[PDB]
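Going down the list, the protein sequences come from chains Y and L. Here the first sequence stands for residues -15 to 40, numbered as in the numbering used here. Here the second sequence stands for residues 377 to 805, numbered as in the numbering used here. Read through the structure below, which is laid out as structure tokens, and then see the notes.
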Amino acid sequence: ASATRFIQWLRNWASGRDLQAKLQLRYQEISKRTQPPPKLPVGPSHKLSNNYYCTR
Amino acid sequence: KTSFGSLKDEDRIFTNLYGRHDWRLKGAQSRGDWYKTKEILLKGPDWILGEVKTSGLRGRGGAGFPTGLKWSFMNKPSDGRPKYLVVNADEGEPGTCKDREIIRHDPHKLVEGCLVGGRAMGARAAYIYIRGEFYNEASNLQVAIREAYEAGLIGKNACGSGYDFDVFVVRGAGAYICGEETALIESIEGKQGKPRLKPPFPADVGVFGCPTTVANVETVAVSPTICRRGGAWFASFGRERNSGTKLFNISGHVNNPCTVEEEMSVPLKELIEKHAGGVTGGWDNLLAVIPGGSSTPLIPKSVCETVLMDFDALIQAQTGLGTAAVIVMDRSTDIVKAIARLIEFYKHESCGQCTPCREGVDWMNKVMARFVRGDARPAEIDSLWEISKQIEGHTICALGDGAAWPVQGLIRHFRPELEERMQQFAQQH
Ligand SMILES: Cc1cc2nc3c(=O)[nH]c(=O)nc-3n(C[C@H](O)[C@H](O)[C@H](O)COP(=O)(O)O)c2cc1C
Ligand code: SF4
């Protein structure tokens, strides 16, 4: 991210691409390393009736 | 006949139901008891069983099984064991108090019924199992039995017929389950009142391991009159397969709760207003009725409008006649709390022997307690329905069924009340 403008032009010209738009090094676009807690769903057998195991 | 329920006094069987005449031997004889008892005994068991059959009498203990056919299981050659009649006077079904009146006001009808019913079965003695709370009632019965012994009506050469018959009175110690026929027998034998599996049936292996018939007090007490007046007379009351007269207990929210004898198949509304003085606050204030003791499902007002009181009619109404103990609930009743208390009753009475009732009934009681407060979710109603179906038909005895049915009745007719309570509780929390 911190390359000088001249160096950006040189490696863009040498590679023939716009490297700056798809840098292989990750910066702040990635997800936070602390996330809010999940609340995961339950499957279709989580029922209080009409759920006899011999039918599934 | 299409209408039933204007029974005349001359057609009534328990003519001292209210204890306004001498309940002792002199009064009982003056009212027709013990009359021509020798002739009945000399006719033979087949004649007596024939009369009981043609009367269409059915069990008055709550299950309504044909009495004549049931009593015929005992008509067989002796195999060396004594034969016994056990008369069920345990009277534990909530709402039911009919057998209490017979025992204390018409004891000699019960004693004579024991001799006549015992003769047909070939029994040597009758054991009358009366609940232990009925202490004064039991003492009246013992006084009457002593009178019959001293007049030769029972004992050796009963009524001069050459038939030896003894009548014993055995008191319980406080267990509703001991009304169940096999639990009653185990109780007489000095064990816990825990029912037996069937087979063997009591007519083969019963009290003390001997051939036995268990009969309700009311079923026994009417047998002498059916023999004297004939089965055809009895069968002229009520619908086909619903014959005879019946003792009814009308308790709950009625102006004049009472016990009364009325014809089988009388309309429920006709019974409540002709005898009990109507519903408290009028017929429009009626919410629901338990038509046959705590074990029969409740029915709402709409069904109560035209339902008849007999085994077939109430079955079609998705309930049962049971003991014919009518409990009335008006619109001011907390219907959920009323049924929950019955489930609490069955929780206290379950003998604990078998898994679905020992665990299931206590489970149903816990769920009903939360349903009273609304502290549940609507999905739990179908869960509770399914739980009750896992108890019904999977237990040793019918107490498990008698606990499931009241729950099923409430969900059947009062689901929106259950769901409304849940909404209130959720809205307030
Ligand atoms: C929990 C339970 C309690 C019962 N209590 C009585 C009772 O108190 N009196 C009675 O006659 N039958 C009672 N029964 C029914 C008896 O098991 C039996 O069916 C009846 O006494 C048979 O007599 P019957 O054919 O003359 O009705 C009870 C059944 C159960 C399952
Ligand atoms: S159903 Fe209940 S009362 Fe009947 S045997 Fe089982 S545990 Fe005992």
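Virtual Cβ for every residue (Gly too), placed ideally from N, Cα, C.
Beta carbon of residue i nearer than 8 Å to that of residue j
i, j, result
"L:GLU488", "L:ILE602", "no"
"L:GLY438", "L:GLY698", "yes"
"L:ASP409", "L:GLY555", "no"
"L:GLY550", "L:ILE506", "no"
"L:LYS474", "L:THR695", "no"
"L:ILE711", "L:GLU793", "yes"
"L:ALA755", "Y:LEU32", "yes"
"L:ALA579", "L:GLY493", "no"
"L:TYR525", "L:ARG495", "no"
"L:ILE703", "L:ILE666", "yes"
"L:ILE530", "L:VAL543", "yes"
"L:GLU681", "L:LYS645", "yes"
"L:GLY435", "L:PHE441", "yes"
"L:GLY778", "L:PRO732", "no"
"L:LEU445", "L:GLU637", "no"
"L:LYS412", "L:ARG604", "yes"
"L:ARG500", "L:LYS459", "yes"
"L:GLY669", "L:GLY381", "no"
"L:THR589", "L:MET497", "yes"
"L:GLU639", "L:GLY614", "yes"
"L:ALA701", "L:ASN625", "yes"
"L:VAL463", "L:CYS490", "yes"
Cβ neighbours of residue i in the same chain (closer than 6 Å, five flanking residues each side left out)
i, result
"L:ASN741", "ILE719, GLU720, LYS723"
"L:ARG797", "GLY750"
"L:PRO782", "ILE715, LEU718"
"L:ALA752", "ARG746, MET798"
"L:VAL598", "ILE389"
"L:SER764", "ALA780, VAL783, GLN784"
"L:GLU477", "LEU393, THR635"
"L:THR771", "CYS730, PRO732, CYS733"
"L:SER448", "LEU425"
One or two residues paired with residue i in a DSSP bridge
i, result
"L:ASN592", "L:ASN464"
"L:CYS634", "L:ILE626"
"L:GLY669", "L:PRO667"
"L:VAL543", "L:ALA502"
"L:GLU639", "L:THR621"
"L:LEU662", "L:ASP706"
"L:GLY531", "L:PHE541"
"L:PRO676", "L:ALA664"
"L:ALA701", "L:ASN625"
"L:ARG434", "L:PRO442"
"L:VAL655", "L:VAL630"
"L:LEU684", "L:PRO643"
Cβ shell of residue i (< 7 Å), same chain only, five flanking positions each side left out
i, result
"L:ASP706", "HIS629, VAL655, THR656, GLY657, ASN661, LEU662, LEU663"
"L:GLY653", "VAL630, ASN631, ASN632"
"L:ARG791", "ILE757"
"Y:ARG40", "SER29"
"Y:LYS6", "none"
"L:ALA514", "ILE506, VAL545, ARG547"
Closer than 7 Å: residue i CB and nearest ligand 1 heavy atom
i, result
"L:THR595", "yes"
"L:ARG436", "yes"
"L:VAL590", "yes"
"L:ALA579", "no"
"L:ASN464", "yes"
"L:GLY736", "no"
Any non-hydrogen atom of ligand 2 within 7 Å of residue i CB
i, result
"L:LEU517", "no"
"L:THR443", "no"
"L:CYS773", "yes"
"L:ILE553", "yes"
"L:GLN405", "no"
"L:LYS723", "no"
"L:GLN568", "no"
"L:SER448", "no"
"L:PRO600", "no"
"L:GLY550", "no"
"L:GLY776", "yes"
"L:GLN729", "yes"
"L:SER563", "no"
Cβ-based neighbour list, residue i, same chain, cut-off 8 Å, excluding 5 preceding and 5 following
i, result
"Y:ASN(-4)", "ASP2, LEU3, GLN4"
"L:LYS414", "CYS535, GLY536, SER537"
At least 3 beta-carbon pairs within less than 8 Å: the stretch 611 to 618 of chain L vs the stretch 16 to 28 of chain Y: No, the stretch 611 to 618 of chain L does not touch the stretch 16 to 28 of chain Y.
Could you tell me whether the stretch 726 to 733 of chain L touches the stretch 683 to 690 of chain L, using the rule of 3 or more Cβ pairs below 8 Å? The stretch 726 to 733 of chain L vs the stretch 683 to 690 of chain L: no contact.
Specify whether the stretch 560 to 569 of chain L and the stretch 583 to 595 of chain L touch according to this definition: at least 3 beta carbon pairs, one from each stretch, less than 8 Å apart. Result yes; three or more Cβ-Cβ pairs closer than 8 Å.
Count Cβ pairs between the stretch 668 to 681 of chain L and the stretch 775 to 789 of chain L that sit closer than 8 Å; are there 3 or more? The stretch 668 to 681 of chain L, when compared against the stretch 775 to 789 of chain L, does touch it at the 8 Å Cβ threshold.
Interface positions of the stretch -14 to 10 of chain Y facing chain A (Cβ-Cβ less than 7 Å), listed along the chain: Protein chains Y and L are contained in the structure displayed, whereas chain A is not.
Any chance the stretch 398 to 416 of chain L sits against the stretch 471 to 486 of chain L, with 3 or more Cβ pairs inside 8 Å? A contact exists between the stretch 398 to 416 of chain L and the stretch 471 to 486 of chain L.
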